[PDB]
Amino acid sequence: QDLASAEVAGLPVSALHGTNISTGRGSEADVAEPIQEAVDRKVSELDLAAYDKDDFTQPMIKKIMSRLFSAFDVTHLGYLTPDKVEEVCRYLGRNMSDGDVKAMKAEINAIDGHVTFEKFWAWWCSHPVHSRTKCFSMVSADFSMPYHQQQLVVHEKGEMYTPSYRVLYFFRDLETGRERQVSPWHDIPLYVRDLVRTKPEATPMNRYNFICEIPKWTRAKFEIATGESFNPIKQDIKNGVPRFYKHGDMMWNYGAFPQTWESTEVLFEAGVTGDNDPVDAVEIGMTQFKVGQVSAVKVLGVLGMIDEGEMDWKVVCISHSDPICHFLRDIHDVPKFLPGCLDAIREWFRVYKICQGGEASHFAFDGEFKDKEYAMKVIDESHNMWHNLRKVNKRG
């Protein structure tokens, strides 16, 4: 991060005047006196190469060239053997073809196998080569991209505010054009990964799939039907009447993480177990999602609420499409860009049962929002409980 600080800070005397054109052969080449032009101009070789109007003249090139020939002459004999001369050429960028090497060994004429820089220079200048790089290298690693790209398709069926309403999911295999129904809970991957991640290996991964169940600014209850086939989203209707949060509107997109399972058979701490449900999340971005809408989010932290022996996590995340997404690096950043947000979310979950005659909620850690790494470990563990729920059903 002090890469930033390097820019602001002053520079050494190497960076203010510039250096010699270097050989690239290391301490294996003897540090030289700059060429005459640099010395007369009072500008370094590299600065003259980079910014003077005229290109280096032939005598200047010869100087630089002999500094690079000498550099291969490690035992300091004052000459090179034809084979080293081909190395030099390959190093100068002129990748020669077998025909050429012998052609050059030939034209150079090493009257004793000894090629002096002078002899080289003379050959080099009489055989210019317009390097359009005629041969192209196909050497690749060629890995197999064994994967069928899918396009999610979301269909509404039935009527909202009635028992018929359902949001269904499908996958259109792109390489085959064929459609298949899928479970948003079991089939949409939890982690969103690229085939070839080009972001710096340095930057860790944080891109999760979020399934919206309750739209920002709404209060009508919807949920993943973990009981129904292909687990489509269904509205919460009891006795033909739709249910709602009575406390007020959910002020952030509220939903769940696919391929996750918090089990009432796995403990958090004595007395506290899981709630037999995918982990929930609240994405705080500015845009309202539609019911059942799926979006890529970034996890930032998690709030934990314990109710009747069951740990009920609330993951705080944010849509990668949100203008401020790039500035939220961890939970601690929500307050700076979204002041009061964490506070409202916690209060909402602390008091929402009061309205219908219940009490304030009991949280874990005295209501602390743990940081992203912790939220990710919850999600990860949950992913595993989900993989176990899948295995225990296969055989059974």
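So that there is no doubt, residue numbering starts at 1 and follows the sequence shown.
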{"item": "Between the two ranges 370-378 and 5-13, the one averaging a larger CA B factor in the entry", "value": "5-13"}
{"item": "Higher-scoring stretch by recorded Cα B factor average, 250-258 or 271-279", "value": "271-279"}
{"item": "Most elevated Cα B-factor in the entry, residues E223, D112, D322, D312", "value": "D112"}
{"item": "Given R166, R180, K216, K102, the residue at which the Cα B factor reaches its maximum", "value": "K102"}
{"item": "CA B-factor placement of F210, once the chain's modelled residues are sorted into thirds", "value": "lowest"}
{"item": "Chain-relative CA temperature factor third for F143", "value": "highest"}
{"item": "Assigned third (lowest, middle, highest) for the C-alpha B factor of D40", "value": "middle"}
{"item": "Relative C-alpha B-factor of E118, binned into the chain's lowest, middle or highest third", "value": "middle"}
{"item": "Relative C-alpha B-factor of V192, binned into the chain's lowest, middle or highest third", "value": "middle"}
